[PDB]
Amino acid sequence: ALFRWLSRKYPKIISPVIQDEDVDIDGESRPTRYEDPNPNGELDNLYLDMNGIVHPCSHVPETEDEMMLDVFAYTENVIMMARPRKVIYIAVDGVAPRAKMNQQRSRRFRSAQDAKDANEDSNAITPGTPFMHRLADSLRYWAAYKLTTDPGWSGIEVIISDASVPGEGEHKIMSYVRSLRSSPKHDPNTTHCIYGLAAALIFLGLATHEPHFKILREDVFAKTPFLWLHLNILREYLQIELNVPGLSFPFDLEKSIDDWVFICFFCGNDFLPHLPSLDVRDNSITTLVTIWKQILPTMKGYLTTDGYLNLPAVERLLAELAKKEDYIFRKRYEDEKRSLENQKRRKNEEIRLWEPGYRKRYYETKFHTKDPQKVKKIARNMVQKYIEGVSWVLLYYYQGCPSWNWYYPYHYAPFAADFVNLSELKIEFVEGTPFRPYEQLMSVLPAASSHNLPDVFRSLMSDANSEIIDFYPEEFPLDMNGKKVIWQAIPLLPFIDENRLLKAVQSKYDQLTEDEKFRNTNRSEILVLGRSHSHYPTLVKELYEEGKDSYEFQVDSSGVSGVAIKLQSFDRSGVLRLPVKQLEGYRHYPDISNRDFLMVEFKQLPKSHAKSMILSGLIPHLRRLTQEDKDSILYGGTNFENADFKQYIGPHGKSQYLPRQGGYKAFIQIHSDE
Amino acid sequence: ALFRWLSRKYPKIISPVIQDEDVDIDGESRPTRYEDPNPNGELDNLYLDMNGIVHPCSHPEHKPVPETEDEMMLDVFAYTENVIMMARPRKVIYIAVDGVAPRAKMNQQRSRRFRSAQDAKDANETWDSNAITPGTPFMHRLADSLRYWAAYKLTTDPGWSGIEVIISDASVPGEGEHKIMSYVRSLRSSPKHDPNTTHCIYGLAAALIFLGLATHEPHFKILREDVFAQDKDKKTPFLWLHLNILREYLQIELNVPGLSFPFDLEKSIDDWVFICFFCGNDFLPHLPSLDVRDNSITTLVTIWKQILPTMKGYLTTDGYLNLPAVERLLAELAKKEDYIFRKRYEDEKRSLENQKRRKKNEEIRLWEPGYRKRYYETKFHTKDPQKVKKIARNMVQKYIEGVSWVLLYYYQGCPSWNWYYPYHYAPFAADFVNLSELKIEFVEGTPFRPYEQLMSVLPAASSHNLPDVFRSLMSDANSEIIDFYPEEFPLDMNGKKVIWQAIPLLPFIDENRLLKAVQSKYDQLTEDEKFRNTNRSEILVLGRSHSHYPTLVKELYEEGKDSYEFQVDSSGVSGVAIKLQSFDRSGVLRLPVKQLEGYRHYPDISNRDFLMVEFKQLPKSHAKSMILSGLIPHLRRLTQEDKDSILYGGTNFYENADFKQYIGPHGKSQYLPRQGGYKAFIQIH
Amino acid sequence: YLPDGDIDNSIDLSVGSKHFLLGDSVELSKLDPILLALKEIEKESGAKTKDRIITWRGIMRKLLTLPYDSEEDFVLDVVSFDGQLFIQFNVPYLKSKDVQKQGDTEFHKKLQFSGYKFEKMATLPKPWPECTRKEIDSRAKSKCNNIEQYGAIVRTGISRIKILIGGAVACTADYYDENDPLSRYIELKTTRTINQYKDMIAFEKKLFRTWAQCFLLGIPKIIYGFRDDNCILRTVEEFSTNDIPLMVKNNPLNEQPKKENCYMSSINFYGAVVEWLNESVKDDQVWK
């Protein structure tokens with residue numbers, strides 16, 4: 001949805017991918033090699049969101065062995081498509097925070113209803129399944145094979161973050177990218193690319209405040225085509241768009257981006273319900289942008305600073321949003337009916353939002369009560385939780401996970417008029433620890449997926465006398481309150497009580513096996529290095545000869561910092577065997593000994609309070625946006641490809657600053673022409 | 001064209017006129033008496049522009065084509081009677097006829113006059129349309145026609161007892177709606193003026209909307225027939241156009257938050273009106289980047305909104321410009337010049353694309369960059385950069401004078417009778433810099449005699465109406481001013497759509513030599529011609545039964561007083577009255593129009609039942625712009641619905657009740673209850 | 001640390017001049033810190049080092065600039081103690097210069113304060129990762145001075161004589177390189193904007209002086225903050241000390257070509273001066 005609006009408003013941030021063909025070396029039918037220059041522009045790091053590959057949908061291979069080879073072939077293509085030169089980060093979702101459990105729980109329970117009507121496995125992707133255990137080792141073999149069987153992979157690392165590592169896909173990427181900035185030696189002009197399908201990536205890409213960033217995905221509106229998504233171009237758009245005049249404080253686009261990213265979460269995210277007066281398809285983002293620009297000159301400070309809210313400022317933001325509820329609601333009701341007679345002339349009811357006083361009907365019906373004190377108590381509780389959610393999410397995208405146990409205790413969002421006197425509210429978080437995968441499996445898998453769950457825990461999920469059977473209803477109410485039937489249906493389900501859930505699950509771990517117990521413990525990411533790589537002599541000399549338990553790192557040839565720990569399970573003389581049985585129709589993968597690569601436990605630098613400002617010594621690229629492009633942004637209001645992709649995307653030029661006014665070099669060019 | 005935008009942007013301004021005939025009063029559908037209550041709300045004054053009635057060419061859809069002047073006179077009488085009947089004034093009726101227009105005006109319609117002559121020549125290879133001009137003998141017949149109708153209406157109709165009629169014939173200098181504007185300002189300077197006077201102008205030009213807001217009299221409206229339903233014998237519908245409601249809209253629309261000075265909707269409207277004059281007016285060519293069809297008024301308004309919080313004062317104040325303020329306004333517009341020109345290029349070719357599926361050399365290419373240089377030598381045929389810089393800067397100076405001249409002309413009367421725009425085109429908005437350096441001054445001068453104005457706007461093909469003596473000076477090939485009258489002239493298409501909106505390039509009349517030749521022929525004119533070539537004063541006609549009637553006779557006819565300051569009266573008219581030497585107390589007035597069958601023959605009437613006095617207004621005063629004391633606002637027509645739809649509507653361009661109760665000054669308090677008022681506290685609980 | 005946003009924010013350089021501080025010229029010009037460093041290094045070594053000349057960077061910079069920038073006069077004191085040379089200014093000449101500074105107008109005080117303020121803006125007390133917003137934003141409020149500063153002592157050598165001098169370091173580019181500190185050192189100075197040929201000429205003279213400064217210390221990179229006549233920063237330009245002679249020689253706008261390169265001549269003059277100093281005094285003598 002948001003992708004279509006981004007394409008419409010910003011055309012230049014999308015470009016096709018030059019997949020080329022077999023012949024690239026000046027004709028004569030020369031097959032491509034990994035060392036050939038990339039027509040798409042050189043790239044340093046590439047981060048993979050493995051969900052987009054492990055769950056391609058497109059409803060099909062029936063056995064794991066059929067698709068693992070397809071996964072390897074598909075991933076080989078995209079890596080060849082972009083050709084990272086320094087690092088490859090592979091991220092597989094771990095246990096997500098409690099906040100996303102409820103959103104994930106609703107998605108799975110809806111799929112249970114989908115199966116029932118189909119009666120008139122795609123659920124094994126969740127962490128903790130035996131398929132995850134098989135998949136995790138599958139990646140390790142693929143990484144080793146590519147490094148040892150390719151001349152072009154000499155100086156490229158592979159970092160594996162499987163389901164064992166806690167945290168979700170993008171969060172793993174976000175934490176690592178920030179950790180690179182914590183090292184003072186970090187090279188500012190490091191170029192990044194990330195592959196994924198989720199629409200949050202555009203926002204999360206701007207959170208790093210690294211201009212040399214880009215996002216890779218296939219063409220939704222289309223060999224499968226792929227589309228580049230250059231964020232540095234997008235920064236040029238936002239810098240021009242979000243520079244309002246008449247300011248009492250100096251302009252700072254770095255803080256503006258944080259504000260702009262912030263408001264793009266009220267319109268919609270995956271942790272809190274959208275506001276009743278807001279909808280992305282209704283261009284609600286432009287509504288907030290116009291409001292935010294209008295009110296900003298009055299205030300003295302920005303809405304947020306490094307992921308921390310300014311409660312008096314944000315309370316002002318949505319204050320006049322309350323002034324636009326009635327117009328918005330009447331617009332929907334007028335337009336909803338008006339479309340009905342359009343087809344008729346040619347060849348919900350409980351609240352009646354268009355009519356005034358909707359606030360009373362909305363809370364009364366949605367809560368099955370009409371006591372004003374009860375409504376007053378509930379409505380005030382609604383705001384305090386919601387502001388915490390916004391506070392929690394904004395921290396979650398700037399400072400890692402701030403709370404592993406927080407969740408939203410209601411199914412609906414309060415009206416924008418309700419948020420008053422927010423400064424009196426007190427916000428506090430407790431980080432806690434992420435749940436074990438088996439606990440996460442029970443919290444999100446529906447009643448129709450006991451097979452994925454361990455057989456011991458199957459009883460506690462479907463037993464009529466199970467102490468958590470109330471958490472597992474076969475049939476659930478569907479509060480429609482939406483378009484027509486199911487598009488935004490709310491699966492009204494009781495929120496899982498941790499104390500009831502945690503007490504029961506911990507009483508069943510004893511009768512499990514060591515393979516399951518090992519599969520129910522958190523781990524740390526691993527790193528594999530090539531034999532010809534520069535660090536190969538260094539790490540072995542220290543982690544295998546000097547007997548060092550651990551060895552610190554800094555910015556190096558790879559560009560990866562952190563802490564290295566020797567992998568006990570790793571054997572110097574061992575040989576890796578492809579866990580998937582070698583099928584037919586694909587390239588045979590020979591076993592490889594450990595004499596050509598090293599596997600070491602990996603860690604990141606200690607967490608630090610990140611600052612959302614551009615680093616020093618940075619070099620900016622050129623600019624697509626010309627005067628005509630700029631003019632269509634300021635005065636355009638509302639409205640309805642391969643040149644320079646080698647010397648333009650990267651950090652063009654060698655000067656950090658720009659030649660302006662009285663600069664000596666700037667004097668030369670202006671007086672050179674004249 | 002503007003009226004379409006007003007209709008689509010402000011919906012509730014327009015309301016149909018309740019055309020009631022043979023009302024069933026007490027079960028009897030007898031004809032409505034003039035004294036019967038008006039279903040359109042009671043009205044006090046009424047100002048009539050004779051241009052909107054005496055123009056058969058303006059409405060050629062039907063077949064009027066009156067062969068004899070008598071037909072026109074009687075049709076005018078019937079139409080005026082109908083319009084007054086549906087208007088129903090109670091205090092004053094003002095009748096206005098165009099006079100000798102200011103020098104800055106006839107240069108416009110002189111191009112318009114030649115277009116008829118240009119088309120007539122081509123069509124050749126019905127009455128004379130050009131005969132509707134001051135100085136013709138037709139008005140001398142028309143001037144007497146009005147007075148007889150005024151006398152007859154007063155002396156017979158019982159309801160017209162308290163009415164007073166003021167007639168300003170073509171002899172009185174001044175443009176039509178300018179006279180109404182000047183007269184209303186004269187009523188403003190009287191301290192005894194009633195703040196709650198309800199006015200109404202019957203006009204056809206769209207400029208009346210702005211001229212209505214200039215007065216700052218909230219109780220005001222304009223009477224106009226349905227333009228959009230007349231095209232798509234039977235009684236023509238008319239549209240009430242309540243200005244007081246438009247005051248409600250602009251108050252919400254122009255209330256930009258966060259200002260360094262207190263908000264003043266009264267001051268804002270002058271800025272809003274002044275903006276609506278760049279987009280187009282009869283005196284100055286429109287800006288190249290400004291088109292009313294392109295909603296340029298909204299373009300300026302948005303620019304005016306952002307430029308305002310920084311700017312410490314309003315653009316205009318009581319008809320006077322603030323040059324530093326306006327300069328900033330055009331600077332923001334100067335940035336949009338390139339962008340605006342672009343759409344007019346693509347939308348031009350996009351329109352060209354659509355028709356394909358359904359079935360002085362120009363070449364500037366404004367959409368291409370560098371058009372600013374290419375524009376001038378294309379139009380001025382001079383490649384010297386030095387001349388262009390001097391010419392463009394000088395030609396900008398005239399334009400600023402014009403805007404200054406125009407704005408004064410609608411607020412403080414005519415500032416100069418000799419200024420005119422010496423260029424055929426408007427400069428680019430980017431050229432408006434260093435405005436404060438420019439010096440602005442005017443000379444009042446004196447208006448022309450009607451004969452001088454006749455030849456200066458009439459072409460060489462209509463010398464028949466003009467006196468025969470002067471025809472030699474304008475028709476002979478050896479005339480010293482024959483160059484002023486070319487049979488054929490170059491037409492500048494200027495890249496328009498159709499030829500009828502081109503630019504008729506013509507030379508500018510040399511005033512100094514033109515008058516000198518003309519003054520030589522005064523001595524050969526007849527006495528009747530000389531009298532018709534003399535400016536005069538207005539005429540006030542009062543009925544015998546009127547309350548103020550005995551006072552006039554007591555002094556102007558018994559005490560022998562030469563003048564008498566009328567001041568405010570029962571009718572609200574104020575000024576100076578002078579006895580008319582021509583008028584005879586014991587005489588009888590006869591209709592100078594031959595009677596026509598079936599047109600309600602009007603008997604002659606003696607002078608014993610009415611009075612005619614030469615009328616003058618109060619001395620000119622520097623009128624300010626703010627509402628008067630003691631004013632009672634009308635009941636508000638908007639309840640929080642259009643309030644939202646105008647704040648956030650953005651683009652809203654996609655038969656109701658009587659609404660008469662929303663016209664008069666509802667209530668009696670000058671102020672309104674609010675919050676901590678004692679009456680309000682009682683009212684709330 | 002200095003992103004482009006601050007450059008676009010039009011930072012003032014005249015604010016705080018009324019709180020400006022100035023130290024004691026005589027106290028600061030003393031060779032005492034270098035003597036402490038020599039005492040320490042001899043303590044670890046246990047024997048007198050092979051260094052022959054001990055002095056400050058400013059004197060040698062003046063000596064390099066002498067053949068082509070001789071707009072000032074000076075008096076220097078030379079003491080050959082223990083067979084090693086020691087060069088410092090003349091205390092009576094220090095008093096004379098202080099008197100001249102007293103006679104100097106507020107123009108010089110404002111300019112030097114603006115220079116110190118610009119140094120304050122583009123510097124951070126801690127490396128960028130471990131700073132906080134409070135440290136970054138409150139830079140303009142901290143009062144500047146000319147007492148606390150960081151200096152470095154370098155060992156070099158011309159011809160056949162080892163030279164051991166010291167000098168102040170403005171700041172480091174990104175952090176401290178314990179293996180090659182000179183590589184990451186950065187020097188900062190201010191200048192007026194450039195609009196006419198006289199501006200290029202004066203700027204080139206300043207470039208020559210600063211090149212002497214850095215190249216004597218071996219500083220690779222030099223940065224100027226271009227301020228207007230109103231003490232408002234306008235632009236920032238970067239240079240490398242190796243590129244300076246080439247940039248001056250290869251100037252496309254050099255309307256007056258330089259038939260002779262002044263850099264080599266200055267270095268030759270400095271070498272001759274060093275030989276003269278090493279030869280003229282034998283031991284336990286004081287000269288001027």
# chains A, B, ... in the order shown; residues from 1 in each chain; ligands from 1
$ interface_residues --of "chain C" --to "chain A" --cutoff "9 Å" --atoms "only C-alpha atoms" --output "number ranges by chain"
C: 1-6, 8-9, 127-133, 173-175, 192-195, 200, 203, 226-228, 234-238, 251-253
$ write_last_selection --atoms "N, CA and C atoms" --output "mmCIF file, in the first residue's frame"
data_model
loop_
_atom_site.group_PDB
_atom_site.id
_atom_site.type_symbol
_atom_site.label_atom_id
_atom_site.label_comp_id
_atom_site.auth_asym_id
_atom_site.auth_seq_id
_atom_site.Cartn_x
_atom_site.Cartn_y
_atom_site.Cartn_z
ATOM 1 N N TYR C 1 35.116 17.393 14.430
ATOM 2 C CA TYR C 1 33.791 16.954 14.000
ATOM 3 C C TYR C 1 33.007 18.161 13.515
ATOM 4 N N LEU C 2 32.648 18.175 12.234
ATOM 5 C CA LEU C 2 31.917 19.314 11.698
ATOM 6 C C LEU C 2 31.124 18.939 10.453
ATOM 7 N N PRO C 3 29.855 18.576 10.597
ATOM 8 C CA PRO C 3 29.028 18.293 9.418
ATOM 9 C C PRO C 3 28.692 19.551 8.635
ATOM 10 N N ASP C 4 28.040 19.393 7.481
ATOM 11 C CA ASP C 4 27.708 20.544 6.650
ATOM 12 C C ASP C 4 26.542 21.351 7.198
ATOM 13 N N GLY C 5 25.702 20.751 8.042
ATOM 14 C CA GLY C 5 24.559 21.480 8.566
ATOM 15 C C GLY C 5 24.966 22.709 9.352
ATOM 16 N N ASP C 6 26.000 22.578 10.181
ATOM 17 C CA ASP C 6 26.499 23.732 10.916
ATOM 18 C C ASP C 6 27.027 24.796 9.965
ATOM 19 N N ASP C 8 25.891 25.396 7.010
ATOM 20 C CA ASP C 8 24.709 26.046 6.462
ATOM 21 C C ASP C 8 23.923 26.831 7.504
ATOM 22 N N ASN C 9 24.223 26.657 8.787
ATOM 23 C CA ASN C 9 23.503 27.350 9.848
ATOM 24 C C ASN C 9 24.051 28.741 10.141
ATOM 25 N N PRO C 127 35.789 11.617 21.808
ATOM 26 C CA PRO C 127 35.476 11.111 20.469
ATOM 27 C C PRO C 127 33.974 11.041 20.257
ATOM 28 N N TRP C 128 33.575 11.194 18.997
ATOM 29 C CA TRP C 128 32.162 11.318 18.651
ATOM 30 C C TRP C 128 31.268 10.215 19.210
ATOM 31 N N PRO C 129 31.635 8.929 19.174
ATOM 32 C CA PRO C 129 30.701 7.910 19.681
ATOM 33 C C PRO C 129 30.331 8.071 21.144
ATOM 34 N N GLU C 130 31.250 8.532 21.988
ATOM 35 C CA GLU C 130 31.013 8.574 23.424
ATOM 36 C C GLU C 130 30.578 9.945 23.920
ATOM 37 N N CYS C 131 30.253 10.866 23.023
ATOM 38 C CA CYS C 131 29.725 12.155 23.433
ATOM 39 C C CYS C 131 28.217 12.053 23.647
ATOM 40 N N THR C 132 27.616 13.158 24.075
ATOM 41 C CA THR C 132 26.177 13.253 24.252
ATOM 42 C C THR C 132 25.693 14.566 23.659
ATOM 43 N N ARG C 133 24.376 14.657 23.464
ATOM 44 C CA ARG C 133 23.799 15.864 22.881
ATOM 45 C C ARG C 133 24.149 17.094 23.702
ATOM 46 N N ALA C 173 41.816 14.078 13.787
ATOM 47 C CA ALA C 173 40.743 13.966 12.805
ATOM 48 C C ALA C 173 39.631 13.045 13.292
ATOM 49 N N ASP C 174 39.979 11.854 13.726
ATOM 50 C CA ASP C 174 38.962 10.899 14.150
ATOM 51 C C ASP C 174 39.230 10.311 15.524
ATOM 52 N N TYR C 175 40.483 10.037 15.849
ATOM 53 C CA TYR C 175 40.890 9.506 17.147
ATOM 54 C C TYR C 175 42.408 9.609 17.215
ATOM 55 N N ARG C 192 39.361 35.404 6.052
ATOM 56 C CA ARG C 192 38.263 36.123 5.434
ATOM 57 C C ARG C 192 37.910 35.491 4.093
ATOM 58 N N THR C 193 36.724 35.828 3.596
ATOM 59 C CA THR C 193 36.283 35.301 2.315
ATOM 60 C C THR C 193 37.139 35.866 1.185
ATOM 61 N N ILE C 194 36.994 35.267 0.009
ATOM 62 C CA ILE C 194 37.824 35.583 -1.146
ATOM 63 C C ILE C 194 36.924 36.100 -2.259
ATOM 64 N N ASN C 195 37.203 37.314 -2.734
ATOM 65 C CA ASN C 195 36.424 37.915 -3.810
ATOM 66 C C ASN C 195 37.251 38.597 -4.892
ATOM 67 N N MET C 200 43.154 36.469 -3.228
ATOM 68 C CA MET C 200 43.960 35.289 -3.533
ATOM 69 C C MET C 200 45.400 35.467 -3.079
ATOM 70 N N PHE C 203 45.560 35.189 0.701
ATOM 71 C CA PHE C 203 45.269 33.806 1.042
ATOM 72 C C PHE C 203 46.463 32.913 0.753
ATOM 73 N N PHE C 226 36.176 29.624 6.510
ATOM 74 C CA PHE C 226 36.113 30.914 5.833
ATOM 75 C C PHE C 226 35.009 31.750 6.465
ATOM 76 N N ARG C 227 35.393 32.802 7.180
ATOM 77 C CA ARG C 227 34.449 33.698 7.826
ATOM 78 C C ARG C 227 34.387 35.020 7.075
ATOM 79 N N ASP C 228 33.238 35.679 7.169
ATOM 80 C CA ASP C 228 33.055 36.966 6.521
ATOM 81 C C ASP C 228 33.618 38.081 7.398
ATOM 82 N N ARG C 234 31.311 31.030 6.722
ATOM 83 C CA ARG C 234 30.642 30.868 5.441
ATOM 84 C C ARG C 234 30.875 29.489 4.839
ATOM 85 N N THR C 235 32.129 29.106 4.605
ATOM 86 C CA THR C 235 32.446 27.821 3.999
ATOM 87 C C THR C 235 33.683 27.238 4.664
ATOM 88 N N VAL C 236 33.915 25.958 4.398
ATOM 89 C CA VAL C 236 35.069 25.231 4.908
ATOM 90 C C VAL C 236 35.700 24.469 3.754
ATOM 91 N N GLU C 237 37.023 24.546 3.646
ATOM 92 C CA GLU C 237 37.755 23.888 2.575
ATOM 93 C C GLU C 237 38.916 23.099 3.162
ATOM 94 N N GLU C 238 39.212 21.954 2.557
ATOM 95 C CA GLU C 238 40.237 21.045 3.043
ATOM 96 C C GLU C 238 41.450 21.071 2.126
ATOM 97 N N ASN C 251 48.171 26.496 -10.266
ATOM 98 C CA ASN C 251 46.961 27.303 -10.193
ATOM 99 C C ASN C 251 46.528 27.708 -11.595
ATOM 100 N N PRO C 252 45.334 27.317 -12.047
ATOM 101 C CA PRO C 252 44.872 27.758 -13.370
ATOM 102 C C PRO C 252 44.640 29.252 -13.459
ATOM 103 N N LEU C 253 44.440 29.933 -12.332
ATOM 104 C CA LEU C 253 44.209 31.368 -12.314
ATOM 105 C C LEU C 253 45.448 32.147 -11.895
#
$ select_by_dssp --residues "segment 478-587 of chain B" --states "strand (DSSP E)" --output "ChimeraX atom specification"
/B:491-492,503-504,538-543,563-565,576-579
$ atom_distance --atom1 "atom CA of residue 447 of chain B" --atom2 "atom CA of residue 205 of chain B"
23.7 Å
$ residues_around --residues "residue 207 of chain C" --least-positions-apart "2" --cutoff "12 Å" --atoms "only C-alpha atoms" --output "PyMOL selection string"
(chain A and resi 664) or (chain C and resi 65+69+188-191+199-205+209-215+222-224+238-241+243-245+247-248+263)
$ closest_residue --among "B:255, B:651, B:29, B:404" --to "chain A" --atoms "only C-alpha atoms"
B:651
$ atom_distance --atom1 "atom CA of residue 236 of chain A" --atom2 "atom CA of residue 622 of chain A"
10.1 Å
$ residues_around --residues "residue 82 of chain B" --least-positions-apart "2" --cutoff "12 Å" --atoms "only C-alpha atoms" --output "PyMOL selection string"
chain B and resi 19-21+34+53+75-80+84-88+235-238
$ write_last_selection --atoms "C-alpha atoms" --output "short mmCIF file (atom, residue, chain, number, x, y, z; two decimals), in the first residue's frame"
data_model
loop_
_atom_site.label_atom_id
_atom_site.label_comp_id
_atom_site.auth_asym_id
_atom_site.auth_seq_id
_atom_site.Cartn_x
_atom_site.Cartn_y
_atom_site.Cartn_z
CA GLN B 19 -40.52 36.03 -8.25
CA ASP B 20 -44.02 36.14 -6.78
CA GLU B 21 -46.91 37.33 -8.94
CA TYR B 34 -46.14 47.86 -3.71
CA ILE B 53 -30.57 47.50 -19.33
CA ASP B 75 -39.11 48.39 -23.13
CA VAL B 76 -36.62 50.05 -20.78
CA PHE B 77 -39.51 51.50 -18.78
CA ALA B 78 -41.18 48.09 -18.47
CA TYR B 79 -37.95 46.32 -17.49
CA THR B 80 -37.06 48.94 -14.88
CA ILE B 84 -37.94 47.74 -9.01
CA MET B 85 -41.11 45.79 -8.29
CA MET B 86 -39.13 42.67 -7.46
CA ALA B 87 -36.58 44.76 -5.52
CA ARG B 88 -39.04 46.95 -3.55
CA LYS B 235 -40.18 35.89 -16.65
CA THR B 236 -36.41 35.65 -16.43
CA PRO B 237 -35.20 34.29 -13.07
CA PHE B 238 -32.89 36.45 -10.98
#
$ interface_residues --of "chain B" --to "chain A" --cutoff "9 Å" --atoms "only C-alpha atoms" --output "JSON, numbers by chain"
{"B": [258, 309, 310, 336, 338, 339, 641, 644, 645, 648, 649]}
$ write_last_selection --atoms "C-alpha atoms" --output "compact mmCIF listing (two decimals), in the first residue's frame"
# COMPACT_ATOMS: atom_id res chain seq x y z
CA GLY B 258 0.13 33.09 14.27
CA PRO B 309 3.13 36.29 9.14
CA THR B 310 6.58 37.67 8.37
CA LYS B 336 6.57 30.09 -9.52
CA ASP B 338 8.85 28.85 -14.47
CA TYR B 339 6.57 26.23 -12.92
CA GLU B 641 -20.35 22.52 8.48
CA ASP B 644 -14.86 22.75 8.17
CA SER B 645 -15.49 22.41 4.44
CA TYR B 648 -9.87 21.66 4.84
CA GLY B 649 -11.80 21.44 1.57
$ closest_residue --among "A:65, A:577, A:257, A:226" --to "residue 241 of chain A" --atoms "only C-alpha atoms"
A:257
$ select_by_dssp --residues "segment 81-274 of chain C" --states "helix (DSSP H, G or I)" --output "PyMOL selection string"
chain C and resi 91-103+106-121+128-130+133-137+181-184+197-217+243-249+262-274
$ residues_around --residues "residue 625 of chain B" --least-positions-apart "5" --cutoff "8 Å" --atoms "only C-alpha atoms" --output "JSON, numbers by chain"
{"B": [214, 215, 216, 266, 267, 318]}
$ residues_around --residues "residue 147 of chain A" --least-positions-apart "5" --cutoff "12 Å" --atoms "only C-alpha atoms" --output "number ranges by chain"
A: 34, 88, 140-142, 152-158, 528-533, 592, 594, 596-598
$ residues_around --residues "residue 469 of chain A" --least-positions-apart "4" --cutoff "12 Å" --atoms "only C-alpha atoms" --output "list in words"
residues 442, 446, 447, 458, 459, 460, 461, 462, 463, 464, 465, 473, 474, 494, 496, 500, 501 and 504 of chain A
$ write_last_selection --atoms "N, CA and C atoms" --output "compact mmCIF listing (two decimals), in the first residue's frame"
# COMPACT_ATOMS: atom_id res chain seq x y z
N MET A 442 4.03 -21.91 21.64
CA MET A 442 2.72 -22.06 22.26
C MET A 442 1.94 -20.76 22.23
N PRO A 446 -1.70 -21.74 16.38
CA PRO A 446 -3.11 -22.02 16.70
C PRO A 446 -3.31 -23.43 17.21
N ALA A 447 -4.57 -23.81 17.42
CA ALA A 447 -4.88 -25.14 17.94
C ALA A 447 -4.72 -26.24 16.90
N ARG A 458 1.86 -30.99 23.46
CA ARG A 458 0.61 -31.07 22.72
C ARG A 458 -0.59 -31.22 23.64
N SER A 459 -0.44 -31.96 24.74
CA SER A 459 -1.55 -32.16 25.66
C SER A 459 -2.00 -30.84 26.28
N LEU A 460 -1.05 -30.03 26.74
CA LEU A 460 -1.40 -28.79 27.43
C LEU A 460 -2.06 -27.76 26.52
N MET A 461 -2.04 -27.97 25.21
CA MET A 461 -2.63 -27.02 24.28
C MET A 461 -4.05 -27.38 23.87
N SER A 462 -4.39 -28.67 23.79
CA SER A 462 -5.70 -29.09 23.32
C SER A 462 -6.51 -29.87 24.35
N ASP A 463 -5.98 -30.09 25.55
CA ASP A 463 -6.73 -30.81 26.57
C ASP A 463 -7.91 -29.99 27.05
N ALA A 464 -9.05 -30.66 27.24
CA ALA A 464 -10.21 -29.98 27.80
C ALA A 464 -9.96 -29.52 29.23
N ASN A 465 -9.09 -30.23 29.95
CA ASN A 465 -8.73 -29.86 31.32
C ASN A 465 -7.41 -29.11 31.39
N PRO A 473 -9.37 -21.30 21.85
CA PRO A 473 -10.71 -21.60 21.34
C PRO A 473 -10.68 -21.92 19.85
N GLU A 474 -11.40 -22.99 19.49
CA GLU A 474 -11.46 -23.38 18.08
C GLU A 474 -12.17 -22.33 17.24
N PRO A 494 -8.73 -13.60 24.00
CA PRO A 494 -8.16 -13.19 25.29
C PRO A 494 -6.65 -13.05 25.19
N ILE A 496 -2.94 -13.42 26.31
CA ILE A 496 -2.31 -14.50 27.05
C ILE A 496 -1.72 -13.95 28.34
N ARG A 500 0.10 -17.53 34.05
CA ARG A 500 -0.54 -18.82 33.77
C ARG A 500 0.23 -19.59 32.71
N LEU A 501 0.70 -18.90 31.67
CA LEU A 501 1.39 -19.58 30.58
C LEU A 501 2.78 -20.03 31.00
N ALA A 504 2.98 -23.11 33.58
CA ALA A 504 2.65 -24.42 33.04
C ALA A 504 3.76 -24.96 32.15
